[PDB]
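A.B. asks: Note that this note's numbering has the sequence shown beginning at 2, numbered continuously upward. Before anything else, here's the structure in question.
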Amino acid sequence: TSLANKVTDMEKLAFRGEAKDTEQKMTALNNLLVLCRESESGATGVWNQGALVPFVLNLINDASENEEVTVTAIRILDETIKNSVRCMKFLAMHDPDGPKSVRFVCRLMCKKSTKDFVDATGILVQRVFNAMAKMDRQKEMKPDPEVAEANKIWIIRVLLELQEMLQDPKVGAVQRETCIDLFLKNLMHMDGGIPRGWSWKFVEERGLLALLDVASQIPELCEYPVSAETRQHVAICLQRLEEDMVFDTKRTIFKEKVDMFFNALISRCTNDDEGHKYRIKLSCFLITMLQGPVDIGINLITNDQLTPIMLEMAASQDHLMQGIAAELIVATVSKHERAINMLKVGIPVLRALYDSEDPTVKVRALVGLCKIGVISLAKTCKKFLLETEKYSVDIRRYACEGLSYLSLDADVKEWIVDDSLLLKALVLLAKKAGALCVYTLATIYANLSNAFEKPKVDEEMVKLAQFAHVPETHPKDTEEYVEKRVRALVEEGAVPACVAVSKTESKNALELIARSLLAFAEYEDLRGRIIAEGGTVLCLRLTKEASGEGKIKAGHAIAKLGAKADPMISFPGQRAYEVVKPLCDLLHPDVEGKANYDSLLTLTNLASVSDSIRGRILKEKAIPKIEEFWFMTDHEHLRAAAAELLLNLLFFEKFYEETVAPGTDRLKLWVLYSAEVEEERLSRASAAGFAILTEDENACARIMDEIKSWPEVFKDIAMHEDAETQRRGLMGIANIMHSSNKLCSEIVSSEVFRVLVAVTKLXXXXXXXXXXXXXX
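Now the structure itself:
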């Protein structure tokens, strides 16, 4: 009950009214947040047989309450409901009836409208999917199809609630975006979500049609709160659904639903004033197509009825319809040349739309010209981006899109870096617009470190063509120029712009960020600074929630950050514990990036702090991964780092005894690696670990009987070239004869006895041998 008394103290100071100051209540909250996050017993005591949730719910219903206080209560509650027992008890505890308690939890995001509150409520619904299917996107934990169908009736209640909230006009835009992010993360089994057939039921049901209505929206024309940030949340989850319809029976069915939606819209494309807005919703739809499931929409681009309606709304006198046509046709330009089958005619059209002076039309007319790139267009975007107070963030998003399309040229990149106040504009963009511009800003960082071509898989064949005068390499992609670009970007703060746009799910763009971060951590002087701005929080979240292709680079960037770092400053606690899972999955010897040595140096720094660090590594089946690098003969950086890792990992009690255990043949290599003693890197480890292993008597007996031809090894480490390897080894031999006298009896009768007595007459092993002599 000392637990039960220490939750009573923090209980009165949070809920039962013991506070004459806000920050001391914040102190009790931050104490409980640490307290529940440290043990499961914290989540037991704070639960208090369910006494927690009503205190919190009467806290949320304050209009006078600070933001960070309430969000702190949620940061406790979602940690509380990580138990599957407690969360399922929580789910229906808000109504004797089932589905109204379901809707009461789903409408918890509509209490307030700050971005932080809505992102933490989406963590609350996330932990529910983690309670039902027993799945985890954070720990790559697959669901159990046993327990999914065991409580299917709860799930259908939830899906109805969500597809109710998607067309519920009483719900604001930032919350509706967060619902869509829950469909992206937790639904798809291709993304490790709800299993097969579930998404087939959703398509067979009317929820897909709700999403198609949502893609046909804008903040300017809506029936319900939509922001411009919403569409990029829609288009990804639509492409992820296309990634989840694995059978061509179902892709047949998917094309069959969406054509009914489309042809109903074109049945409603009339010239009437009612009929204009269906043309505008078609324009909002097709751009949402091209941003995501590019594949289906081009099959609808070949429909030839489209482009005269594009001309009608361009000749219309409403400027909203013309600005939306500009951003339509600029999304039409693809990497498929049959888009030009529609696009070959509209080339001068936007060339005319720049001539109009409406700026909302103008910046959308500026992009695309940026796509087909000529340095004067960069001079023009220069004009829009530097103007901050006058222009809105909705306009200044499009200039970033135009400049990312301009950043394909190598020579314009240098003109970009020569500006500093541009970057001042970039940080004041990302920290004011938040996560609004992620595809494009990451597209720029990829172009700056040349991270698109960072898959240099084709350069191996290009130099095979050079094995046979004609081509043109370009000098602005030389390693020194990129070192200039990158040191300029780190000097003017790319990292806080990265974490402010990190609140999305865009694996296209989150790939582009990981690729840029990997080139950023190439140099050691700035990576401590990158860590100083929270880059570790960023990279770990990246390797948890990016594209699977980007996770290799994400963990590799994590590996470069912590190579020779002090891990206590660079990784506090919970941040350190989750480090093990990503990089142990990167150790594939058949891959062999220059990541493996970075991996092992990181882990060896990690293994020196605490037992909970090094214990969680063995659970990850790291040991068979480390042994194969430790079996290698050719490499030098790898095997000694695996040895120094395995040097530090013998502090763990159980691993110390797994090596002494009779099933393994590892103690052979701990001494034979002191014998092939051409180098000092591996010999120093295999003699220090030997000095640790031989303090145990049963470990000494397994040396002699299990090693044929052993005194040859000991005479080699006695008549020894290096001095440090030899002196560590001799104390690990000194404790042998201290242990058992029958083994020491097999030492005087052996060959090595004469060189042992030879060395004592010359440093530290001298009195070790003298101690050995006392046995007789």
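Even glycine gets a Cβ: it sits at the ideal position worked out from N, Cα and C.
Excluding the 5 residues preceding and the 5 following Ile124 in the sequence, name in chain order all residues of the same chain whose CB lies nearer than 6 Å to its CB.
C.D. replies: Within its own chain, the residues whose Cβ lies closer than 6 Å to the Cβ of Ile124, once the five positions on either side in sequence are excluded, are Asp79, listed in chain order.
A.B. asks: Can you list, in chain order, the residues of its chain with a C-beta nearer than 7 Å to that of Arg197? Leave out the 5 residues immediately preceding and following it.
C.D. replies: These residues qualify, in order along the chain: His190.
A.B. asks: Does the Cβ of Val331 have 16 or more other Cβ atoms within 10 Å, making it buried, or fewer, making it exposed?
C.D. replies: buried
A.B. asks: For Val334 versus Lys372, is the C-beta spacing smaller than 7 Å?
C.D. replies: yes
A.B. asks: How would you label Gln306, buried or exposed, when you count the other beta carbons within 10 angstroms and need 16 or more for buried?
C.D. replies: exposed
A.B. asks: Applying the criterion that 16 or more other CB atoms from any shown protein chain within 10 Å of the CB defines a buried residue, is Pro294 buried or exposed?
C.D. replies: buried
A.B. asks: Please state if the CB of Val428 and the CB of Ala498 are separated by a distance shorter than 7 Å.
C.D. replies: Here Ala498 is near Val428, since their CB atoms are less than 7 Å apart.
A.B. asks: Quick check: what's the CA-CA separation for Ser571 versus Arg528?
C.D. replies: So the alpha carbons of these two residues sit roughly 10 Å apart.
A.B. asks: Could you check if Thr726 is buried or exposed, using at least 16 other CB atoms within 10 Å of its CB as the buried criterion?
C.D. replies: buried
A.B. asks: From the DSSP output, in three-state form, read off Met191 for me.
C.D. replies: Correct three-state label for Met191: coil.
A.B. asks: Distance, Cα to Cα, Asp419 vs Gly730?
C.D. replies: 58 Å
A.B. asks: With 16 other CB atoms within 10 Å as the buried threshold, where does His557 fall?
C.D. replies: buried
A.B. asks: Buried or exposed, going by whether 16 or more other CB atoms sit within 10 Å of the CB of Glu512?
C.D. replies: buried
A.B. asks: Mind listing, in chain order, the continuous alpha helix (DSSP H) runs of no fewer than 4 residues lying wholly within the region 202-284?
C.D. replies: 208-216, 229-245, 249-268
A.B. asks: From the DSSP output, in three-state form, read off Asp591 for me.
C.D. replies: Of the three classes helix, strand and coil, the one that applies to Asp591 here is coil, per DSSP.
A.B. asks: Taking all protein chains shown into account, do 16 or more other C-beta atoms lie within 10 angstroms of the C-beta of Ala644, making it buried, or fewer, making it exposed?
C.D. replies: buried
A.B. asks: Do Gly208 and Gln164 have their beta-carbon atoms positioned less than 7 Å apart in this structure?
C.D. replies: yes
A.B. asks: Let's see if you can read the secondary structure: which residues bound the alpha helix (DSSP H) around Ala452?
C.D. replies: Run containing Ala452: none; DSSP gives neither H nor E here.
A.B. asks: Could you tell me the alpha carbon to alpha carbon distance between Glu243 and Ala29, rounded to whole angstroms?
C.D. replies: If I take the Cα positions, the gap works out to 47 Å.
A.B. asks: Using the C-alpha atoms, what's the distance from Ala501 back to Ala431?
C.D. replies: 6 Å
A.B. asks: Does DSSP put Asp169 in a helix, in a strand, or in coil?
C.D. replies: coil
A.B. asks: Under the three-state reduction of DSSP, which class applies to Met142: helix, strand or coil?
C.D. replies: strand
A.B. asks: Give the C-beta separation of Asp723 and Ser684 to the nearest angstrom, bearing in mind that I take them to be a contact with Cβ-Cβ under 8 Å.
C.D. replies: Right, the Cβ-Cβ distance comes to about 6 Å (below 8 Å), so this counts as a contact.
A.B. asks: Would you mind reading off the limits of the alpha helix (DSSP H) that contains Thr361?
C.D. replies: Looking at the DSSP string, the run of the alpha helix (DSSP H) that includes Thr361 is 360-367.
A.B. asks: Thinking C-beta only, is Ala547 closer than 7 Å to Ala452?
C.D. replies: no
A.B. asks: For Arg398, which residues of its own chain have a beta-carbon under 7 Å away from its beta-carbon, when the five flanking residues on both sides are left out?
C.D. replies: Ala434, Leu437, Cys438
A.B. asks: Determine the burial state of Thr537: buried for a count of at least 16 other Cβ atoms within 10 Å of its Cβ, exposed for fewer.
C.D. replies: buried
A.B. asks: Which whole-angstrom value describes the C-beta separation of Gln233 and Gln292, a residue pair presumed to lie in contact below a C-beta threshold of 8 Å?
C.D. replies: In this structure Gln233 is in contact with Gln292, their Cβ atoms being roughly 6 Å apart against a cut-off of 8 Å.
A.B. asks: Where does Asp79 sit, in a helix, a strand or coil, going by DSSP?
C.D. replies: helix
A.B. asks: Determine, using beta-carbon pairs with one atom in the region 175-190 and one in the region 111-129, whether at least three such pairs fall under 8 Å.
C.D. replies: Proximity of the region 175-190 to the region 111-129 meets the contact definition, three or more beta-carbon pairs being nearer than 8 Å.
A.B. asks: According to the neighbour-count rule (16 or more other Cβ atoms, all chains shown, within 10 Å of its Cβ), is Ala533 buried or exposed?
C.D. replies: exposed
A.B. asks: Just curious, the alpha helix (DSSP H) that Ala522 is in, first and last residue?
C.D. replies: It is not in any alpha helix (DSSP H) - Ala522 carries neither H nor E in the DSSP assignment.
A.B. asks: Does any residue of chain B bring its CB to less than 7 Å from the CB of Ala326?
C.D. replies: Looking for chain B here will not work: only one protein chain is present.
A.B. asks: At what residue ranges does the region 297-337 contain a whole run of the alpha helix (DSSP H), taking only runs of 4 or more?
C.D. replies: 307-316, 320-333
A.B. asks: So is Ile348 buried or exposed if we call it buried at 16+ other beta carbons inside 10 Å?
C.D. replies: exposed
A.B. asks: When DSSP builds the beta bridges, which residues end up paired with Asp717?
C.D. replies: None, per the DSSP bridge assignment.
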